Amino acid sequence: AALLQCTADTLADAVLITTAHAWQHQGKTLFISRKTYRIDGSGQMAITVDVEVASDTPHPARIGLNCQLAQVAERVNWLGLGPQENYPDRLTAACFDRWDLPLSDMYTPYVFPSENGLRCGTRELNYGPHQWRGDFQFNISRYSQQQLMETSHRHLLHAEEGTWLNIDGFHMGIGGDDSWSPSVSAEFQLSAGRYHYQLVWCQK
Amino acid sequence: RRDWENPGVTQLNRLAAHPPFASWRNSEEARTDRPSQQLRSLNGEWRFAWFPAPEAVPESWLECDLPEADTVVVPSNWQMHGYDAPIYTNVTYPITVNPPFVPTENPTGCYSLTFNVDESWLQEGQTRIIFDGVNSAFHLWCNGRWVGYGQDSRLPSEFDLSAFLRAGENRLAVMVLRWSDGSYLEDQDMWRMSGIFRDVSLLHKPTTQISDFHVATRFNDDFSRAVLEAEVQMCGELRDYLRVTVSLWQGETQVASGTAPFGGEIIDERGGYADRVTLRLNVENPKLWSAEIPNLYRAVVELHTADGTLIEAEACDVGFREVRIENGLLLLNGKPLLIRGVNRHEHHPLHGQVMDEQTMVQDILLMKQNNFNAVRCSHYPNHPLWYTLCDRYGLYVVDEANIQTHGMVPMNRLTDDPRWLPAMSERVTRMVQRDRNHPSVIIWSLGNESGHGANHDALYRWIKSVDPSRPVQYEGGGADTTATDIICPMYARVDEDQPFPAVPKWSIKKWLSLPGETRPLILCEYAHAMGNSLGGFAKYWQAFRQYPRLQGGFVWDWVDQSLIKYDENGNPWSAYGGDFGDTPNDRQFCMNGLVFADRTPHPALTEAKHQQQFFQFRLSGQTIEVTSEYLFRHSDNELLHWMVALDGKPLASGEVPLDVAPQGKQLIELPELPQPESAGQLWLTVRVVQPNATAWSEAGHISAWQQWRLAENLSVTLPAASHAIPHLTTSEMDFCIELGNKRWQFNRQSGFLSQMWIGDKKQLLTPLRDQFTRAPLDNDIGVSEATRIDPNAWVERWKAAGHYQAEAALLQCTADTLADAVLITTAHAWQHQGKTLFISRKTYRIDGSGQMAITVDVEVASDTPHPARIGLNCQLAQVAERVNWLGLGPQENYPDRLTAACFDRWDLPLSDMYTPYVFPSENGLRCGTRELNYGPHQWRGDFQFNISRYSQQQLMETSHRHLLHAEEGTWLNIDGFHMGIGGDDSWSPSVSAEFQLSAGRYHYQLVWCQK
Ligand SMILES: [Mg+2]
Ligand SMILES: [Mg+2]
Ligand SMILES: [Mg+2]
Ligand code: NA
Ligand code: NA
Ligand code: NA
Ligand code: NA
Ligand code: NA
């Protein structure tokens, strides 16, 4: 990530932070992310994200944000598709409703660790004192994408400190027509070039 | 006798049908197809009197000319001379449905001609009269004496006048009836016209004459050998000294000849035909006929004596080709066809249903130039010259019998009735007898929309028996009946089933593989081109190319059926059904053409051209793969031009000759392209250019094109920090932003940008507001009317939801000052009677560079019908001459009709940004636009736009294009998103789900600045 812009403006009833980043590899700009964070007097932080994706780079796996929360809470509560893991090209079985599960249920123990436990079409997510609202896909677990990527077997995984949260405006299909050639259909690839999502982060 | 109310009487004293005759008395004239003195045209000035009924015709008209009669040009339709109103109706009959009876008020056209006949014509031989087209029925008199009667408006009626004519002055009297029992088989959806609308001629033959001839061409397995078989029939006295010679010519070279006396082979217990002979000519390595290469020979049939004296000669153009269906594929010369077809009615805006060579040639040229290879004679045999031209220019023809009974309840009432079999048989049999020698005819059709009856099955088998060289098709009764060799639906969709009872229209892909089904599928009608249409056209062609047994179709249709009317100042305007005082009518449903009546193209024609391309392209790295879709011809008149541009700025270009075999491939390696200095998207454009002129095109003709995105460099470089700081001024009614000379005014009561100034110059006439509606397209409306509402039609769903009446309620309007900018935040709710339809949330950011960044985020209630568009609109004060944009163009393009459009820098006059559809609607949109320039203004983003002197409101409220008036300034519509136009048909919703605005939440952003 290369920082292009980071400004702060004090408004009548809010503070507005504006940022711009470029992700580059060997001279090539892959992605540009432009954001505003508006924190108002009600204590809510509205995050607006606008992403550019180079048309000649391979379509990305996801367009989102991630962080490691210090909190480890017992339950995960959301208003979206569930209760089980669902992805854009595998979500017909899932139902839109209010779901409440133990954190461990938000992780799928695939023998070969990978991205897992996504829930799509989520309008509200609750974890400990935090609430995220918008229209997003998320997963939440004690395992980072890095660890999942670097660990060969599920039994070798160790719970990390706190909780890793991945919130996606957009997520690529998983495919599966076969498992030896690209099988994600065009309509589930992230090929639009420009992507927009908005999130509100507040305390319960 | 009232023969015009009797299906048992279709003719009286009519001669047999036959291929085109000229009775040359010189063989060389027959070879070269020069005019014949034995075939005399009676076209020109005739006398005409209109009557309300045949009973109203005075008995003196048979012998003497009427003083009340006017002089008119023949051929003509008498409605085009203003004698009565041309009635237009779709499904319903224009008369009372009571077969076989017609109205007592039956408009009667009394034609007459006084002409000279030379004694030499009457001293020997036979003089016949030929009426190529009389609508719908007629009685004939010659010198006061009754000659005969004829029906079928679309085939020649011929009568022997040898005993009726006298040396010197002769008078013909033709009583033409608008309505007859023949009308029940002539219920086509078009203008109901009448009169002598095709040629009238006299033909002199000797008494010993060629009465018929049939030409067949058969081939060996690889088409390297052929046998031409010519059956010749005679009339007159049989003599042993009589001979027939058939000679075959390739240009001026005679390739084969055969001579024989009369007397065919034994066929039964009674012997054979003494008045017939069959000649068989061997042809080695024949040059084959196709639409790609219309190679023709000339066959000359000589009737003569053994000592060498010619009696007469007839002749025809011969195309060596084989049409067969094998293993479910329609094949021509062993190769599977892909039909790039169109339906073509015979229509001229000035002459009605009268056809001329100039118009026919104009149509064929435009068709071939737009990659059509096929034409369906909807829905009747055509003027005889049409087939000659298709033979010579190369178009595949579906010849169709003049049988349509669409108004019957049920549709097969007459066609399943054995009492109507005689009349139906004549329409099929007489077409085959006339047109069977034309190579351009590859498929016979039994008619149109007449259900499926036993009469169809009988006539299907008749054709199969007499002419096995051509498949038979027929759509009626579900498109896949026992009376068709080809599954030939009308408006069956690509992926979507329409499971109507008894006659379902399956998805064409699904239809092929139904249990037991093996036949090819070629749509007799598809892609209804009514108004702003042809949305989803690319979906058909992708399917056609992927599925072997999907072999194309015929677009509905070629030409708008509008006629010319004049106002007070004598200025012409295009009129449809209902403008001529005819009621009940079917409004603008006569205008479904790819071209206007004057043959000016609609925007949809370019989409057709692109999808029907004969070359296919793929790109892999630096390699362009070109695939030929030609079946027979090498690419011997083709050059590939390639261009690489960065956001419209050309960086590299070149040309490479194409040398591709039919069905072959060519790989073209592009040279090392230098990496651009600037940020932006590189685009590759290729086009196939024809360097040499042809019979159908000019030098430089572009036949194919394609585009790809190459490398993109995203802009990361921060622009030089602007020194100027915009200032906010607040009043109770307005937020005002100032930057030097420039001013932006936001109205606080409405929440919209109401005005902009540069110095003292106002920029807006109407504020910038959200827009969620469009002036409804013909496809949006369907068959919905004010008296007969179709609640399923898109326009009615939008109306009932309050979309057009939606009023903006302000929720939020704030102003913030940033370090180097002013931020305006707004929120509006669009509500109809308590219901929130849409919410629009916006920010306007104006910085020291004078750029106004607009961000728009829209919520659409999930239970409201999906909106026509999600955009902004305003009336600009400026009227500028030019429109300049970086985006898809140059022509009008919509989300489901933008494949033909290319991404480049385009610059057109403002008037070219409006499409003059006869029925005004949303028009002129250009999609995928990143920059738009108009006068002092520049807009940047990723949007769809149209720009014109007409508001959406005026387009929607005005019935005809000629009633439109340029409004003050310029109406700009900038859409983040726009709904598809559809067009699979124009009587039910046809916008595919992927082109409907159903996402619920939408985001777009624009930048507005001075240029
Ligand atoms: Mg579902
Ligand atoms: Mg009759
Ligand atoms: Mg394309
Ligand atoms: Na792993
Ligand atoms: Na095909
Ligand atoms: Na029509
Ligand atoms: Na060439
Ligand atoms: Na209108």
# chains A, B, ... in the order shown; residues from 1 in each chain; ligands from 1
$ residues_around --residues "range 148-158 of chain A" --least-positions-apart "5" --cutoff "10 Å" --atoms "only C-alpha atoms" --output "MDAnalysis selection string"
chainID A and resid 108:116 142:143
$ select_by_dssp --residues "range 2-198 of chain A" --states "alpha helix (DSSP H)" --output "PyMOL selection string"
chain A and resi 145-150
$ write_last_selection --atoms "N, CA, C and O atoms" --output "mmCIF file, in the first residue's frame"
data_model
loop_
_atom_site.group_PDB
_atom_site.id
_atom_site.type_symbol
_atom_site.label_atom_id
_atom_site.label_comp_id
_atom_site.auth_asym_id
_atom_site.auth_seq_id
_atom_site.Cartn_x
_atom_site.Cartn_y
_atom_site.Cartn_z
ATOM 1 N N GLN A 145 -6.251 -14.793 7.444
ATOM 2 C CA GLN A 145 -6.118 -15.274 6.071
ATOM 3 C C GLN A 145 -4.692 -15.765 5.818
ATOM 4 O O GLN A 145 -4.492 -16.763 5.123
ATOM 5 N N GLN A 146 -3.717 -15.074 6.412
ATOM 6 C CA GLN A 146 -2.306 -15.452 6.321
ATOM 7 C C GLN A 146 -2.040 -16.852 6.881
ATOM 8 O O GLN A 146 -1.411 -17.671 6.211
ATOM 9 N N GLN A 147 -2.519 -17.122 8.097
ATOM 10 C CA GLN A 147 -2.334 -18.435 8.727
ATOM 11 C C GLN A 147 -3.024 -19.552 7.935
ATOM 12 O O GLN A 147 -2.432 -20.605 7.702
ATOM 13 N N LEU A 148 -4.268 -19.312 7.525
ATOM 14 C CA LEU A 148 -5.021 -20.278 6.719
ATOM 15 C C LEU A 148 -4.271 -20.626 5.436
ATOM 16 O O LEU A 148 -4.213 -21.790 5.040
ATOM 17 N N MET A 149 -3.684 -19.607 4.813
ATOM 18 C CA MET A 149 -2.919 -19.740 3.576
ATOM 19 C C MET A 149 -1.600 -20.506 3.772
ATOM 20 O O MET A 149 -1.142 -21.206 2.864
ATOM 21 N N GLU A 150 -1.011 -20.386 4.963
ATOM 22 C CA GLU A 150 0.315 -20.949 5.241
ATOM 23 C C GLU A 150 0.294 -22.301 5.963
ATOM 24 O O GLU A 150 1.334 -22.954 6.093
#
$ residues_near_ligand --ligand "ligand 1" --cutoff "7 Å" --atoms "only C-alpha atoms and all ligand atoms" --output "PyMOL selection string"
chain A and resi 91-94
$ residues_near_ligand --ligand "ligand 8" --cutoff "8 Å" --atoms "only C-alpha atoms and all ligand atoms" --output "short mmCIF file (atom, residue, chain, number, x, y, z; two decimals) with N, CA, C and O atoms, in the first residue's frame"
data_model
loop_
_atom_site.label_atom_id
_atom_site.label_comp_id
_atom_site.auth_asym_id
_atom_site.auth_seq_id
_atom_site.Cartn_x
_atom_site.Cartn_y
_atom_site.Cartn_z
N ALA B 775 -39.16 8.40 -21.45
CA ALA B 775 -40.25 8.43 -22.42
C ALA B 775 -40.34 7.02 -23.01
O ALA B 775 -39.37 6.52 -23.59
N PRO B 776 -41.51 6.37 -22.85
CA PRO B 776 -41.63 4.94 -23.09
C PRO B 776 -41.37 4.51 -24.54
O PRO B 776 -41.93 5.09 -25.48
N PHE B 919 -42.56 7.26 -33.96
CA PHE B 919 -43.22 7.37 -32.67
C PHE B 919 -42.15 7.75 -31.63
O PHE B 919 -41.31 6.92 -31.27
N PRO B 920 -42.15 9.03 -31.18
CA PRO B 920 -41.12 9.55 -30.28
C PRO B 920 -41.00 8.80 -28.95
O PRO B 920 -42.02 8.44 -28.35
N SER B 921 -39.77 8.57 -28.52
CA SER B 921 -39.48 7.91 -27.25
C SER B 921 -38.07 8.28 -26.79
O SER B 921 -37.37 9.03 -27.48
N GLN B 954 -41.72 15.97 -23.52
CA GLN B 954 -42.25 16.24 -24.86
C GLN B 954 -42.26 14.98 -25.74
O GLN B 954 -43.21 14.74 -26.49
N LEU B 955 -41.19 14.18 -25.65
CA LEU B 955 -41.11 12.92 -26.39
C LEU B 955 -42.28 12.01 -26.03
O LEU B 955 -42.88 11.37 -26.89
N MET B 956 -42.59 11.97 -24.74
CA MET B 956 -43.65 11.12 -24.19
C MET B 956 -45.06 11.59 -24.56
O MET B 956 -45.96 10.76 -24.74
N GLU B 957 -45.24 12.90 -24.68
CA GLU B 957 -46.56 13.49 -24.92
C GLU B 957 -46.91 13.68 -26.40
O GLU B 957 -48.08 13.87 -26.75
N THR B 958 -45.89 13.62 -27.26
CA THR B 958 -46.06 13.87 -28.69
C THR B 958 -46.18 12.57 -29.48
O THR B 958 -45.31 11.70 -29.39
N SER B 959 -47.26 12.45 -30.26
CA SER B 959 -47.59 11.22 -30.99
C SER B 959 -46.68 10.93 -32.18
O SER B 959 -46.29 9.78 -32.40
N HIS B 960 -46.36 11.97 -32.96
CA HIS B 960 -45.54 11.83 -34.17
C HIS B 960 -44.31 12.72 -34.10
O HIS B 960 -44.34 13.79 -33.49
#
$ residues_around --residues "range 58-71 of chain A" --least-positions-apart "5" --cutoff "7 Å" --atoms "only C-alpha atoms" --output "PyMOL selection string"
chain A and resi 162-172+189-191
$ select_by_dssp --residues "range 21-191 of chain A" --states "strand (DSSP E or B)" --output "PyMOL selection string"
chain A and resi 21-25+28-40+45-53+62-69+75-82+87+90+95-102+119-127+130-141+163-171
$ closest_atom_pairs --of "chain B" --to "ligand 5" --cutoff "6 Å" --atoms "only C-alpha atoms and all ligand atoms" --output "CSV"
residue,atom,partner,partner_atom_place_in_ligand_line,distance
B:544,CA,ligand 5,1 (Na),4.2
B:545,CA,ligand 5,1 (Na),4.6
B:546,CA,ligand 5,1 (Na),6.0
B:547,CA,ligand 5,1 (Na),4.5
B:548,CA,ligand 5,1 (Na),3.8
B:549,CA,ligand 5,1 (Na),5.3
B:550,CA,ligand 5,1 (Na),4.3
B:551,CA,ligand 5,1 (Na),4.4
$ interface_residues --of "chain B" --to "chain A" --cutoff "9 Å" --atoms "only C-alpha atoms" --output "PDB file with N, CA, C and O atoms, in the first residue's frame"
ATOM      1  N   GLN B 681      -6.547   3.791 -20.422  1.00  0.00           N
ATOM      2  CA  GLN B 681      -6.834   2.477 -20.985  1.00  0.00           C
ATOM      3  C   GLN B 681      -6.474   2.407 -22.466  1.00  0.00           C
ATOM      4  O   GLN B 681      -6.941   3.217 -23.268  1.00  0.00           O
ATOM      5  N   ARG B 709      -9.927  -4.444 -24.764  1.00  0.00           N
ATOM      6  CA  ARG B 709      -9.114  -3.668 -23.841  1.00  0.00           C
ATOM      7  C   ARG B 709      -7.725  -4.291 -23.766  1.00  0.00           C
ATOM      8  O   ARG B 709      -7.584  -5.509 -23.601  1.00  0.00           O
ATOM      9  N   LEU B 710      -6.702  -3.457 -23.902  1.00  0.00           N
ATOM     10  CA  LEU B 710      -5.334  -3.906 -23.699  1.00  0.00           C
ATOM     11  C   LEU B 710      -4.883  -3.482 -22.297  1.00  0.00           C
ATOM     12  O   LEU B 710      -5.683  -3.536 -21.354  1.00  0.00           O
ATOM     13  N   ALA B 711      -3.624  -3.074 -22.150  1.00  0.00           N
ATOM     14  CA  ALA B 711      -3.106  -2.647 -20.850  1.00  0.00           C
ATOM     15  C   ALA B 711      -3.790  -1.372 -20.367  1.00  0.00           C
ATOM     16  O   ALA B 711      -4.155  -0.508 -21.168  1.00  0.00           O
ATOM     17  N   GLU B 712      -3.979  -1.277 -19.055  1.00  0.00           N
ATOM     18  CA  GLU B 712      -4.493  -0.061 -18.434  1.00  0.00           C
ATOM     19  C   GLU B 712      -3.515   0.451 -17.384  1.00  0.00           C
ATOM     20  O   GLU B 712      -3.000  -0.322 -16.567  1.00  0.00           O
ATOM     21  N   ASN B 713      -3.259   1.755 -17.426  1.00  0.00           N
ATOM     22  CA  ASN B 713      -2.473   2.420 -16.395  1.00  0.00           C
ATOM     23  C   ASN B 713      -3.374   3.320 -15.564  1.00  0.00           C
ATOM     24  O   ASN B 713      -3.897   4.322 -16.059  1.00  0.00           O
ATOM     25  N   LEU B 714      -3.578   2.936 -14.307  1.00  0.00           N
ATOM     26  CA  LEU B 714      -4.418   3.710 -13.399  1.00  0.00           C
ATOM     27  C   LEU B 714      -3.698   4.984 -12.973  1.00  0.00           C
ATOM     28  O   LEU B 714      -2.501   4.960 -12.684  1.00  0.00           O
ATOM     29  N   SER B 715      -4.434   6.092 -12.950  1.00  0.00           N
ATOM     30  CA  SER B 715      -3.878   7.388 -12.574  1.00  0.00           C
ATOM     31  C   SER B 715      -3.599   7.447 -11.073  1.00  0.00           C
ATOM     32  O   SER B 715      -4.523   7.399 -10.258  1.00  0.00           O
ATOM     33  N   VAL B 716      -2.318   7.533 -10.722  1.00  0.00           N
ATOM     34  CA  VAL B 716      -1.889   7.627  -9.321  1.00  0.00           C
ATOM     35  C   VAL B 716      -1.270   8.983  -8.988  1.00  0.00           C
ATOM     36  O   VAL B 716      -1.217   9.376  -7.820  1.00  0.00           O
ATOM     37  N   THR B 717      -0.803   9.686 -10.019  1.00  0.00           N
ATOM     38  CA  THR B 717      -0.116  10.964  -9.842  1.00  0.00           C
ATOM     39  C   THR B 717      -1.067  12.051  -9.352  1.00  0.00           C
ATOM     40  O   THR B 717      -2.072  12.357 -10.004  1.00  0.00           O
ATOM     41  N   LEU B 718      -0.740  12.613  -8.191  1.00  0.00           N
ATOM     42  CA  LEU B 718      -1.519  13.692  -7.594  1.00  0.00           C
ATOM     43  C   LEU B 718      -1.395  14.960  -8.434  1.00  0.00           C
ATOM     44  O   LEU B 718      -0.278  15.398  -8.730  1.00  0.00           O
ATOM     45  N   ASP B 816     -20.906  22.101   4.231  1.00  0.00           N
ATOM     46  CA  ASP B 816     -19.698  22.038   5.050  1.00  0.00           C
ATOM     47  C   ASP B 816     -18.540  22.688   4.306  1.00  0.00           C
ATOM     48  O   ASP B 816     -18.479  22.633   3.078  1.00  0.00           O
ATOM     49  N   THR B 817     -17.626  23.304   5.050  1.00  0.00           N
ATOM     50  CA  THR B 817     -16.412  23.857   4.460  1.00  0.00           C
ATOM     51  C   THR B 817     -15.210  22.987   4.816  1.00  0.00           C
ATOM     52  O   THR B 817     -14.912  22.767   5.994  1.00  0.00           O
ATOM     53  N   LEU B 818     -14.548  22.480   3.781  1.00  0.00           N
ATOM     54  CA  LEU B 818     -13.313  21.723   3.932  1.00  0.00           C
ATOM     55  C   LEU B 818     -12.126  22.665   3.711  1.00  0.00           C
ATOM     56  O   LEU B 818     -12.316  23.820   3.326  1.00  0.00           O
ATOM     57  N   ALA B 819     -10.912  22.171   3.951  1.00  0.00           N
ATOM     58  CA  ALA B 819      -9.705  22.993   3.844  1.00  0.00           C
ATOM     59  C   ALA B 819      -9.546  23.643   2.466  1.00  0.00           C
ATOM     60  O   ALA B 819      -9.123  24.796   2.363  1.00  0.00           O
ATOM     61  N   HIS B1003     -24.885   3.111  -7.153  1.00  0.00           N
ATOM     62  CA  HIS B1003     -23.916   4.173  -6.953  1.00  0.00           C
ATOM     63  C   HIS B1003     -23.326   4.618  -8.274  1.00  0.00           C
ATOM     64  O   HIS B1003     -22.907   3.794  -9.089  1.00  0.00           O
ATOM     65  N   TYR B1004     -23.292   5.930  -8.471  1.00  0.00           N
ATOM     66  CA  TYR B1004     -22.517   6.520  -9.554  1.00  0.00           C
ATOM     67  C   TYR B1004     -21.965   7.878  -9.150  1.00  0.00           C
ATOM     68  O   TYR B1004     -22.470   8.520  -8.222  1.00  0.00           O
TER      69      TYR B1004
END
$ residues_near_ligand --ligand "ligand 2" --cutoff "6 Å" --atoms "only C-alpha atoms and all ligand atoms" --output "PyMOL selection string"
chain B and resi 3-7+9-10+181
$ closest_atom_pairs --of "chain B" --to "ligand 3" --cutoff "7 Å" --atoms "only C-alpha atoms and all ligand atoms" --output "JSON lines"
{"residue": "B:706", "atom": "CA", "partner": "ligand 3", "partner_atom_place_in_ligand_line": "1 (Mg)", "distance": 5.7}
{"residue": "B:707", "atom": "CA", "partner": "ligand 3", "partner_atom_place_in_ligand_line": "1 (Mg)", "distance": 5.8}
{"residue": "B:899", "atom": "CA", "partner": "ligand 3", "partner_atom_place_in_ligand_line": "1 (Mg)", "distance": 4.8}
{"residue": "B:900", "atom": "CA", "partner": "ligand 3", "partner_atom_place_in_ligand_line": "1 (Mg)", "distance": 6.7}
$ residues_near_ligand --ligand "ligand 7" --cutoff "12 Å" --atoms "only C-alpha atoms and all ligand atoms" --output "number ranges by chain"
B: 628, 633-641, 655-661, 666, 688-692
$ atom_distance --atom1 "CA of residue 579 in chain B" --atom2 "CA of residue 80 in chain B"
14.0 Å
$ residues_near_ligand --ligand "ligand 6" --cutoff "9 Å" --atoms "only C-alpha atoms and all ligand atoms" --output "PyMOL selection string"
chain B and resi 89-90+189-190+528+530+556-557+560-561+586+588-592
$ closest_residue --among "A:33, A:144, A:131, A:24" --to "ligand 4" --atoms "only C-alpha atoms and all ligand atoms"
A:144
$ residues_around --residues "residue 360 in chain B" --least-positions-apart "6" --cutoff "9 Å" --atoms "only C-alpha atoms" --output "ChimeraX atom specification"
/B:385-386,389
$ write_last_selection --atoms "C-alpha atoms" --output "PDB file, in the first residue's frame"
ATOM      1  CA  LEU B 385     -37.937  -9.461 -60.845  1.00  0.00           C
ATOM      2  CA  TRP B 386     -37.140 -10.020 -57.137  1.00  0.00           C
ATOM      3  CA  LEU B 389     -32.080 -10.073 -58.631  1.00  0.00           C
TER       4      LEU B 389
END
$ residues_around --residues "range 262-277 of chain B" --least-positions-apart "3" --cutoff "8 Å" --atoms "only C-alpha atoms" --output "VMD selection string"
chain B and resid 231 to 235 238 240 242 to 244
$ write_last_selection --atoms "N, CA, C and O atoms" --output "compact mmCIF listing (two decimals), in the first residue's frame"
# COMPACT_ATOMS: atom_id res chain seq x y z
N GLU B 231 -36.66 -30.91 -68.34
CA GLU B 231 -37.90 -31.43 -68.88
C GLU B 231 -38.61 -30.32 -69.64
O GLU B 231 -38.87 -29.25 -69.09
N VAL B 232 -38.92 -30.59 -70.90
CA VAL B 232 -39.56 -29.60 -71.77
C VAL B 232 -40.92 -30.14 -72.21
O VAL B 232 -41.02 -31.27 -72.69
N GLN B 233 -41.96 -29.34 -72.02
CA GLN B 233 -43.31 -29.68 -72.45
C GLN B 233 -43.74 -28.79 -73.61
O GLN B 233 -43.33 -27.62 -73.69
N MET B 234 -44.54 -29.33 -74.52
CA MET B 234 -45.05 -28.56 -75.66
C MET B 234 -46.58 -28.55 -75.75
O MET B 234 -47.25 -29.43 -75.20
N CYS B 235 -47.10 -27.53 -76.43
CA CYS B 235 -48.49 -27.49 -76.86
C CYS B 235 -48.56 -27.24 -78.36
O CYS B 235 -47.65 -26.64 -78.94
N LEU B 238 -48.17 -32.16 -82.75
CA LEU B 238 -46.96 -32.98 -82.73
C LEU B 238 -46.58 -33.44 -84.14
O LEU B 238 -47.41 -33.99 -84.87
N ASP B 240 -43.12 -35.29 -86.40
CA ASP B 240 -41.88 -36.05 -86.25
C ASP B 240 -40.62 -35.20 -86.44
O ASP B 240 -39.58 -35.48 -85.84
N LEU B 242 -40.15 -32.26 -85.37
CA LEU B 242 -39.94 -31.38 -84.21
C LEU B 242 -38.77 -31.82 -83.35
O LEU B 242 -38.51 -33.02 -83.20
N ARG B 243 -38.05 -30.84 -82.81
CA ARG B 243 -36.88 -31.10 -81.97
C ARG B 243 -36.85 -30.12 -80.81
O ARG B 243 -37.43 -29.03 -80.88
N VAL B 244 -36.19 -30.52 -79.73
CA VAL B 244 -35.84 -29.61 -78.65
C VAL B 244 -34.33 -29.68 -78.43
O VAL B 244 -33.76 -30.77 -78.30
$ residues_around --residues "residue 822 in chain B" --least-positions-apart "4" --cutoff "9 Å" --atoms "only C-alpha atoms" --output "ChimeraX atom specification"
/B:725-728,737,815-818,844-847
$ residues_around --residues "residue 768 in chain B" --least-positions-apart "3" --cutoff "8 Å" --atoms "only C-alpha atoms" --output "PDB file with N, CA, C and O atoms, in the first residue's frame"
ATOM      1  N   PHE B 752     -31.727  20.988  -4.646  1.00  0.00           N
ATOM      2  CA  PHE B 752     -31.063  20.764  -5.930  1.00  0.00           C
ATOM      3  C   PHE B 752     -30.166  21.928  -6.338  1.00  0.00           C
ATOM      4  O   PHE B 752     -30.389  23.069  -5.920  1.00  0.00           O
ATOM      5  N   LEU B 753     -29.153  21.628  -7.151  1.00  0.00           N
ATOM      6  CA  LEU B 753     -28.381  22.661  -7.835  1.00  0.00           C
ATOM      7  C   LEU B 753     -29.319  23.346  -8.822  1.00  0.00           C
ATOM      8  O   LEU B 753     -29.708  22.759  -9.836  1.00  0.00           O
ATOM      9  N   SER B 754     -29.694  24.580  -8.499  1.00  0.00           N
ATOM     10  CA  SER B 754     -30.695  25.315  -9.263  1.00  0.00           C
ATOM     11  C   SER B 754     -30.094  26.226 -10.333  1.00  0.00           C
ATOM     12  O   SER B 754     -30.747  26.519 -11.336  1.00  0.00           O
ATOM     13  N   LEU B 872     -29.483  11.667 -13.632  1.00  0.00           N
ATOM     14  CA  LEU B 872     -29.774  13.069 -13.374  1.00  0.00           C
ATOM     15  C   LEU B 872     -30.116  13.741 -14.695  1.00  0.00           C
ATOM     16  O   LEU B 872     -29.653  13.307 -15.755  1.00  0.00           O
ATOM     17  N   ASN B 873     -30.930  14.790 -14.640  1.00  0.00           N
ATOM     18  CA  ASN B 873     -31.192  15.587 -15.832  1.00  0.00           C
ATOM     19  C   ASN B 873     -31.307  17.085 -15.552  1.00  0.00           C
ATOM     20  O   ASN B 873     -31.574  17.498 -14.424  1.00  0.00           O
ATOM     21  N   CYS B 874     -31.072  17.887 -16.586  1.00  0.00           N
ATOM     22  CA  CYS B 874     -31.188  19.339 -16.496  1.00  0.00           C
ATOM     23  C   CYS B 874     -31.353  19.927 -17.884  1.00  0.00           C
ATOM     24  O   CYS B 874     -31.024  19.285 -18.885  1.00  0.00           O
ATOM     25  N   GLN B 875     -31.881  21.144 -17.939  1.00  0.00           N
ATOM     26  CA  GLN B 875     -31.992  21.873 -19.187  1.00  0.00           C
ATOM     27  C   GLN B 875     -30.896  22.933 -19.201  1.00  0.00           C
ATOM     28  O   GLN B 875     -30.919  23.881 -18.413  1.00  0.00           O
TER      29      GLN B 875
END
$ atom_distance --atom1 "CA of residue 512 in chain B" --atom2 "CA of residue 177 in chain A"
24.8 Å
